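Reviewing the structure listed below.
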Amino acid sequence: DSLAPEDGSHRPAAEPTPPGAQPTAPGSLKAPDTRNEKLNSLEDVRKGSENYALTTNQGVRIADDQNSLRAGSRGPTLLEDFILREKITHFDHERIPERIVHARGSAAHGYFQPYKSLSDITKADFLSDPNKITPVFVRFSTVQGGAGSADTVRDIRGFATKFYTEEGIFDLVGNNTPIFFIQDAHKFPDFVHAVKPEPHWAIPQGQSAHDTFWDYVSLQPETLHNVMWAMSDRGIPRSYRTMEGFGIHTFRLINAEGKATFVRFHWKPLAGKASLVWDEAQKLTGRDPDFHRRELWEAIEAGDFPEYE
Amino acid sequence: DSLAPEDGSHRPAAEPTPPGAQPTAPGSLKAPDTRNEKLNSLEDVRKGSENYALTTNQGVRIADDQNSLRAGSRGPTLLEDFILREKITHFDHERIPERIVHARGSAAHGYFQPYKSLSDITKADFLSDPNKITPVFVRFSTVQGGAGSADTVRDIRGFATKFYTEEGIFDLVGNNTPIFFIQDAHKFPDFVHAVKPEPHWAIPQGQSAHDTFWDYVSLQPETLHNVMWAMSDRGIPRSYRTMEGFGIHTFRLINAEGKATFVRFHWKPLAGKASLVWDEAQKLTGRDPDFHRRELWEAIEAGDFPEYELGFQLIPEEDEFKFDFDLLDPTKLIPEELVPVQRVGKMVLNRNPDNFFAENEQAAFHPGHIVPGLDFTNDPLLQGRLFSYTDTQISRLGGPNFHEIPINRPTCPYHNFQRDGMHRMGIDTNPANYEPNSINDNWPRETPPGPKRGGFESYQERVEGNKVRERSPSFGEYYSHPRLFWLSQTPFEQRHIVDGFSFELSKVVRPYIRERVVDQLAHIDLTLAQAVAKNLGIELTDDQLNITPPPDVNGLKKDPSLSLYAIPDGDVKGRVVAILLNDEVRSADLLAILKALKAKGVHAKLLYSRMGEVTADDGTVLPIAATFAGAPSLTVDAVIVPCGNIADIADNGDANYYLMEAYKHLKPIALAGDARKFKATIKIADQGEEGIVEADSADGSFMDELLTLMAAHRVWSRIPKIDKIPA
Amino acid sequence: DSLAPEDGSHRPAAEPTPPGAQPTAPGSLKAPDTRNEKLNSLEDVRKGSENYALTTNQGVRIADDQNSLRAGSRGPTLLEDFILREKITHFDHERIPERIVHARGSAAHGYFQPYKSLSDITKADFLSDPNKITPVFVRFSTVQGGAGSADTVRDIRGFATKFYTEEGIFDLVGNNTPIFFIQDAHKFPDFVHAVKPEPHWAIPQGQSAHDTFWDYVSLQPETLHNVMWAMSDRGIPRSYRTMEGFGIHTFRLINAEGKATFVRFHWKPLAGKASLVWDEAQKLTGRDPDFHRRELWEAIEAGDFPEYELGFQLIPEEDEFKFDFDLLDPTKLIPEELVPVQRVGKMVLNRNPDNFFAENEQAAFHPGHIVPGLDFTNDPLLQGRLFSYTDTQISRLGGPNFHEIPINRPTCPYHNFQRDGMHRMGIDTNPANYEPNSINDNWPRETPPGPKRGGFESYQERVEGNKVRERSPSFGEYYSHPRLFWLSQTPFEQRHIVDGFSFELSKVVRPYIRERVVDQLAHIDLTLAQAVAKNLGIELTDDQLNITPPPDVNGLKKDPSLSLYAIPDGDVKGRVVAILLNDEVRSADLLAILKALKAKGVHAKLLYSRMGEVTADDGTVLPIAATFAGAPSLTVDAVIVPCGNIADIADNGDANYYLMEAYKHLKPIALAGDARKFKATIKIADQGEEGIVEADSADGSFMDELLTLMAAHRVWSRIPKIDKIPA
Amino acid sequence: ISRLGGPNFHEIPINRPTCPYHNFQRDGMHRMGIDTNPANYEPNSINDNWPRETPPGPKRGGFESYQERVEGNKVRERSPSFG
Ligand code: HEM
Ligand code: HEM
Ligand code: HEM
């Protein structure tokens, strides 16, 4: 007599299945066959659970996890209850600081490969050979809202790719528009404070529709280009799968002879471009604020891998 | 040539003014005259800004705050730019850990005073004299959602009051329901994980409508009582001003002779009880997720101070066992029919903070911050809480010295031998850091316990039993309280409870969980389980249909104190009404509307298809506060549509839907003159209908009918008629 | 009946009193009258203790601070004991990270003033007016050892001064030598790891005498100059009062017209230069490892304020390239023969702190805290430092808000848009947190640069070159500075340097390292390498013997400013003398001894075989400050042994060895009457000897000879005679 | 929590147990372990209540405190027997 249903309908199929079909599940149980060198390198720190005893962090098996140790079935809790202290303590310290910006974000694993060697223009090992598969981790995000804000807000989106290359980690940290708000990083905090909730009362959440943000804009026309994009349907995407991604800055490529070529990076969505409309987007933040995080998760379980070029 | 407008319209009036009237502002600039000893003690750490030079944190004036220092107008940034490094660094480290729970929260300052000395029952100095004013800081909150989640979610609300007393800080850390989910603090993290977003993917935010939460519930029927409240309209309040607050645990009062009296604490809202309905609440999380935080802030700027009355249920020591549930079980309420709530004093929340991070975010409430005159009981959930609220500060607020953070600073003296935290502010001059010590003549000294100004000493409760990890058998009853709750509710309240469960349950993906929760409901009440099971498409079995209901609670068949709306105490002061404008408003209509509302403290917001102005028929200029879409019916208590150029708005999608939504959410609607032609959209008869006020023009009669509908909060009688409207 | 003694001898006098006279005490109780604007600004965070009740951090009075709350006088502790949990918790979290380097350090308050306005060369407000008094806080330190390591180690000393100016905090973060170990900050961690204890086993503490440090040296001859200083008596000072201090890098001064002048900063000790010798220093780390921290503390309580004179080497812009080393190379000194030090002002350190953790431990010095009037140069070690001192605070002092920690707080205004750290004290009222902002009329505002009270603006140095990671070729000279140093030293100073290297090198286990370091020494001076190589048992080869010495430095064959003792400026005020007592001291001897010493500000400590008292021959009662073993000769500058019952101590092992150790460490010794029979132990002749003052009795002549020996600090002429004595 | 920076100090290599350790504790600072359990709570049906409590026994049992009798009042007082 255990608590799982007899017919086994607690446990999802290890199979590509559509949104709604199955309960969702950790990648390593929903898609155990999907691999790559990063995901396999994580094996040493994964922990399973089936057929294991519940224990303290120090290894001790627990016999009753339903009660504090007290003097009598109706007495005080005793300070010698180290099982309770550890369990509460760990809970007590669960949280770590959210990101200053892009605190609200959704990720996945995957891989990249070049279409052709690029050694003409760069010695970047990860671009040296179209047979070279590079594991990636990607986190898409909003910018302004906290880690528990809505997904479909009118904001810029972040689009960050960590490439785990053979000659080091390369981070491509971009947005869903090809420009930024400001020209010099020295005014970074100024702008971010301007769009972040107002300091006296912490309002509004994941919105630019307030006094201070526009005050700033109106006094710094450098912002206007990106503000344009934000106000467009670009700032309310359908899906992380259906937006373009940009490195924004001009960088350099450097080849084996030392020749520099300027470059700007792009991600082009094989899913194409698609965005919501405002009333739909705004009301959807209420009806399902995890809309993007969800859609991404499901699309992946469903075999609809997001691809970008 | 400076950047402020010439006419001075950047700067808000230092005057009580309605929602929308002025830009909002830090309490110390919006209400500089409001004071109390806490707020004045904060003066040493406030910082102004006018007529000061912008500087580095080290005091250096900055000449250019628009640029990094680079080699050339187009070169690299140099590492010697300490101005840029400090400015970015500080920004880089701005954030601190959110609360584990109740991370999403809204606060204010204020005060409390007792109605009469309470020295008969407790030596608590703050309750000793009705002339003794105690400054308070209060933070209301949700439970599950992060610090950036929505306000109007279906969750429990927290209600925490820090009393800055003369013999120490007393923290009253309560919720908006009178029970908790669980019995022993050891399962705290289990339950909280169960309702918090799911670990694999971090979904859903500030919602209980997911698999794991209900899985837990279904396996731990101890939770069912509070789950009932959550599913009721209790779990989606109108305003922090319009909910009740509860200490939950039985505590002790202790007087100058050492007599213990058991007590449970209450906050009773002078604003009365009022709550939204689900569709309204859920969609409002999208339209304005800061709805509660906003409403609180504005109500305060507006002079509508939230007030609550502190009341005690008192139970003598020799009555411990007279009730047929255990006073120490926190999943059981003490019916007010058996123990009534005695009003003891009052709290007024009369000023907003200056900086939300400084004052709200960093405040630390902890229920074990009690004072002489109070003490704990063996409630095994309370017992737990004692441990956790001190611990968690060490990582949330960065160390043991969190009591030195301004808002948390006591306002009485505090001296000891505690030395050296991280971020230590106090500089101890005591030649000694230990006691006994002869080198400073043992100062500071222990203080023997006494009538007033004494040392703390715990009530000397007899403890007899063995060291066991076992739930008290007396806690083994799960259903009679839910049942009591449910039968106290009005019929429309019960529809809501039903629809509450049905909605949540419908987003549990694994259907066997839906069945198991239904099974639990069967043990509480069969009406209820039938209605829910219908909505999930489940047939109760013969077995389930025959399940014996649990006992009355101490012979009670209902308790009217458990209903929100049993005895309406709804109060209009502070509420807001939408006025739908057209380009040609009949001014004497409008005059009379605003004049009537103003007399009863009811705020209006004038709305239109666009911003700016429109002009009255008599050429009074009417400024627009927001558009129809900008400020949806969700955000208001009623809708009024005066006469004029109705043709202007008559075919406007947004104005029509404003009315349709308002109607579906059971709000009062008032239509003057040609505005009555809008009845067509709300599929109302020509005969009239209760809840729709109508007339040739707005007069004495028209306004009074409307305001009276408002004193009823909502038009419940409308419920049967709303399923046909498509909104 | 309280625990303080009836006669009040627990509580020290609020009066300047000598070392040993009184118990030591927090500055604000020992010297309440000493003030300055910093110390008075600290008043808001000081906490007293007398006549206050002992309480929890939340304000609650405690009645019993001797017990946990338990179920029964013999039962378990209960989790509801919040008094115990808070008290233990705070203790549990007392410690914060030690400094990465200079973790071991000692501080005090004080002030500075300029001798004359300096507005000709700099607009630095703090140097604008000789009437302008600037409060300072100074922390002296070692480098390698942990916060609980010894004071008298052979290490570099740090010397950090925080100036609390009217236009911001200026941090002067220097050392006790005029150069550094390395050229580019990129190798900072490499060197520091090399000298810090070895990673496998954490050995040795505050010592450079290990394998890895010398391995590094031997492979990076850039280090050799400063290593020279370290090995000299410079690396084992007598007192923080008796060393020179250096800013090391060339900085810029910038005046009201924008003219840059290069500058290097100096502190010149009004106490003069004085240092221990190795055996004395090393053994003193065992006998009193707090020797420096103590001496500083006492000197201050005693009225012997440490004073230093701030001096500048100034070099005009067009002289950048006149020197045959690079002004930007921090491993090169600017000889005072080529650029003399101009005294500019003076600093007085006139009050100890109240709480060592509060004020010392938490203080944050950072060289990039400069003000208008000052600016940086491209010194590639300095360039580095700029980055690190802001960064490291984030984990040492727990966040970006470390400038809010009391001691670190500026004393001028500071306002900006920086919001929200961990442990945020300031509560910002600015309606705006950004600029430009119109909503607060852009306050606080940028300030254009100007003659005084202006914005900071960097000197607009021309930068021309490509982005490279390459050491300047002009830095490629390693030996001529060491050579200069060495040839400036007196012969006995050079023995010490030799013995320095020989000792350290002898504890390098892998002998090939010993050889490689010797090889380096060969390139500096062959005398030196011969002496060291002898002591390690190494034969220099023919190759090594022929190595050409490096060039003179700009035609210099020596610089007397680089010697400690070239031109003795040793000063007796503040020094201490041991007086060896017997049970029958001849009182008129002693009268004359203490009377003479007192006239020149020289402190005495009366010592005996045990504690308590002894009586004079005339029945004056002589209190004993410590025993012979309790306060070894190490801790004193000279030893005096008056007449009386010499028989009492004549055969006492400890009294004899007191003298033998004192003699081996070249200290002045003075023996009256029968005390002359002690000459026997120190293997002195009957004829006399220079450095041993002797006579029938202590008179005008006897005392003066002694004090004059003291003005010479040590008896160098004794050196040849000490190897025969076995101490 | 402050010396070693968080609740996850048992994950620091030297401190790591050498036997199995599994529970529902989630998320410290510097979390090394990546939990795959579909559930982070118990009772839980969705992972068939794993990992499970273990009743106490001769070897390999759950921990259970010795059931010492406690009798006295809640006092802050040194035992006289210690005097
Ligand atoms: C060029 C325009 C920018 C783009 C495309 C951009 C992109 C982002 C993205 C996508 C994230 C979220 C990273 C994640 O998922 O972990 C992010 C986080 C961050 N960004 Fe921005 N960013 C931009 C400008 C800036 C500027 C000007 C600063 C500061 C000067 C800044 C500092 C940060 C910091 C400190 C974090 C997150 C904390 C962390 O991940 O360690 N970024 N950046
Ligand atoms: C009796 C039922 C409970 C009530 C009425 C309750 C009330 C609350 C409220 C209102 C907050 C938000 C405080 C704020 O605004 O700062 C809160 C936070 C917290 N609670 Fe609960 N709580 C309950 C159960 C528990 C249990 C069982 C634990 C742990 C065993 C717990 C531990 C915490 C911690 C660690 C925090 C916040 C972190 C902090 O403020 O230091 N509480 N409690
Ligand atoms: C120019 C040669 C140097 C001098 C004269 C020097 C001086 C000092 C002194 C005296 C201290 C102790 C400060 C105190 O009492 O709080 C110190 C600490 C420190 N130094 Fe060095 N230093 C030098 C080189 C460096 C370099 C190259 C770095 C890194 C590149 C460095 C980074 C630090 C840090 C991070 C601290 C202490 C942590 C803190 O106070 O915030 N310094 N410096």
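Protein sequence lines correspond, in order, to chains X, Z, E and D.
When we follow PDB author numbering, the leftmost residue of the first sequence carries the number 27, and every step to the right adds one.
When we follow PDB author numbering, the leftmost residue of the second sequence carries the number 27, and every step to the right adds one.
When we follow PDB author numbering, the leftmost residue of the third sequence carries the number 27, and every step to the right adds one.
When we follow PDB author numbering, the leftmost residue of the fourth sequence carries the number 420, and every step to the right adds one.
We put the beta carbon where it would ideally sit given N, CA and C, even for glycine.
Using CA atoms only, rank isn't needed, just tell me which of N492/E, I208/E, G410/E and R435/E is closest to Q388/E.
By 1-based counting over the third sequence, the position of residue 388/E is 362. Out of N492/E, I208/E, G410/E and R435/E, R435/E has the C-alpha closest to the C-alpha of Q388/E.
Do the region 664 to 680 of chain Z and the region 723 to 732 of chain Z make contact, defined as three or more Cβ pairs closer than 8 angstroms?
yes
What residues in its chain sit with their C-beta under 8 angstroms from that of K750/E, if we drop five residues either side in the sequence?
Locating residue 750/E in the third sequence gives position 724, counting from the first residue. Result list for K750/E: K709, in chain order.
Would you report the Cα separation of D181/E and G261/E, rounded to the nearest angstrom?
Position 155 of the third sequence, counted from the start, is the residue given in the question as residue 181/E. Position 235 of the third sequence, counted from the start, is the residue given in the question as residue 261/E. Distance between the alpha carbons of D181/E and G261/E is about 5 angstroms.
Do you know how far the Cα of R450/E is from the Cα of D578/E?
Taking the first residue of the third sequence as 1, we reach residue 578/E at position 552. Taking the first residue of the third sequence as 1, we reach residue 450/E at position 424. Using only the alpha carbons, I get a separation of about 56 angstroms.
Answer yes if the region 34 to 46 of chain Z comes into contact with the region 319 to 332 of chain X, meaning at least three C-beta pairs across the two stretches below 8 angstroms, and no otherwise.
no
If we ignore side chains and look at the alpha-carbon of each, how far apart do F704/E and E530/E end up?
The sequence position of residue 704/E within the third sequence is 678, counting from 1. The sequence position of residue 530/E within the third sequence is 504, counting from 1. The straight-line gap from Cα to Cα measures roughly 35 angstroms.
Determine the contact status of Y137/X and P156/X, defining contact as a CB-CB distance below 8 angstroms.
As a working note, residue 137/X is residue 111 in the first sequence. As a working note, residue 156/X is residue 130 in the first sequence. No, the pair does not count as a contact, with Cβ atoms beyond the cut-off.
Residue range of the unbroken alpha helix (DSSP H) whose run includes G526/Z
Locating residue 526/Z in the second sequence gives position 500, counting from the first residue. Looking at the DSSP string, the run of the alpha helix (DSSP H) that includes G526/Z is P517 to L531.
Fully enclosed by the region 165 to 205 of chain E, which beta strand (DSSP E) runs are 3 residues long or longer?
184 to 191 and 194 to 201
Under 9 angstroms Cβ-Cβ, which residues of chain Z neighbour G491/D?
Here residue 491/D refers to the residue found at position 72 of the fourth sequence. Residues of chain Z passing the Cβ test: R488, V489 and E490.
Can you tell me the Cα-Cα spacing of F214/X and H275/X, whole angstroms?
What you label residue 214/X is simply residue 188 of the first sequence in a count that begins at 1. What you label residue 275/X is simply residue 249 of the first sequence in a count that begins at 1. One C-alpha to the other measures close to 15 angstroms.
So with CB distances below 9 angstroms, who are the chain D contacts of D237/Z?
By 1-based counting over the second sequence, the position of residue 237/Z is 211. Per Cβ cutoff of 9 angstroms: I465.
What is the DSSP secondary structure of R542/E, counted as helix, strand or coil?
Taking the first residue of the third sequence as position 1, residue 542/E is located at position 516. If DSSP states are grouped into helix, strand and coil, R542/E belongs with the helices.
Pick from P576/E, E519/E and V543/E that is closest to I564/E, judged by C-alpha positions:
For this step, residue 564/E is matched to residue 538 along the third sequence. Among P576/E, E519/E and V543/E, the Cα nearest to that of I564/E is on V543/E.
What is the rounded straight-line gap between the Cα of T418/Z and the Cα of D91/X?
Your numbering for residue 418/Z matches position 392 in the second sequence. Your numbering for residue 91/X matches position 65 in the first sequence. Taking the straight line joining both Cα atoms gives about 22 angstroms.
Name, going along the chain, the residues of the region 119 to 135 of chain Z whose beta-carbon falls closer than 7 angstroms to a beta-carbon of chain X.
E120, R121, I122, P123, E124 and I126
Contact belief for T403/E with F277/E at Cβ below 8 angstroms, rounded distance in angstroms:
Residue numbering aside, residue 403/E sits at position 377 when the third sequence is read from its first letter. Residue numbering aside, residue 277/E sits at position 251 when the third sequence is read from its first letter. The pair is a contact, with the Cβ atoms about 6 angstroms apart (cut-off 8 angstroms).
Counting along the chain, where does the alpha helix (DSSP H) carrying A307/E start and finish?
Here the question's residue 307/E lines up with position 281 in the third sequence. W304 to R313 is the span of the alpha helix (DSSP H), which, as asked, contains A307/E.
Contact set between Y485/Z and chain D, taken where Cβ atoms lie within less than 8 angstroms
Sequence index remark: in the second sequence, residue 485/Z carries index 459 (1-based). Correct list: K493.
Residues of the region 92 to 104 of chain E with Cβ closer than 8 angstroms to any Cβ of chain B, in chain order
Included in the structure are the protein chains X, Z, E and D, with no chain B among them.
Beta-carbon proximity of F166/E to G184/E, cut-off 8 angstroms:
Looking up residue 166/E in the third sequence gives position 140. Looking up residue 184/E in the third sequence gives position 158. For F166/E and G184/E, yes; Cβs fall inside 8 angstroms.
Please report the distance separating the alpha-carbon of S28/Z from that of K285/E.
The residue you call residue 28/Z lines up with position 2 of the second sequence. The residue you call residue 285/E lines up with position 259 of the third sequence. If I take the Cα positions, the gap works out to 33 angstroms.
Provide the residue span of the beta strand (DSSP E) that contains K222/Z, from first to last.
Indexing the second sequence from 1 puts residue 222/Z at position 196. No beta strand (DSSP E) holds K222/Z; DSSP gives it neither H nor E.
If you draw a straight line from the alpha carbon of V179/X to that of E321/Z, how long is it in whole angstroms?
For the purposes of this step, residue 179/X is identified with residue 153 of the first sequence, where counting begins at 1. For the purposes of this step, residue 321/Z is identified with residue 295 of the second sequence, where counting begins at 1. Those two C-alpha atoms are separated by around 22 angstroms.
Got a sec: does ligand 3 put a non-hydrogen atom nearer than 7 angstroms to the Cβ of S54/E?
The residue you call residue 54/E lines up with position 28 of the third sequence. Flag unset: Cβ of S54/E not near ligand 3.
Residues that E461/D contacts on chain Z, provided the C-beta gap is smaller than 8 angstroms:
Position 42 of the fourth sequence, counting from 1, holds the residue named residue 461/D. Chain Z residues near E461/D: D216.
Classify residue 26/E as helix, strand or coil using the three-state DSSP reduction.
The requested residue 26/E is not part of the displayed model; chain E covers only 27 to 753.
Mind pulling the chain E residues with CB within less than 9 angstroms of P247/X?
Taking the first sequence and counting its residues from 1, the one referred to as residue 247/X is at position 221. Simply none; closest approach about 11 angstroms.
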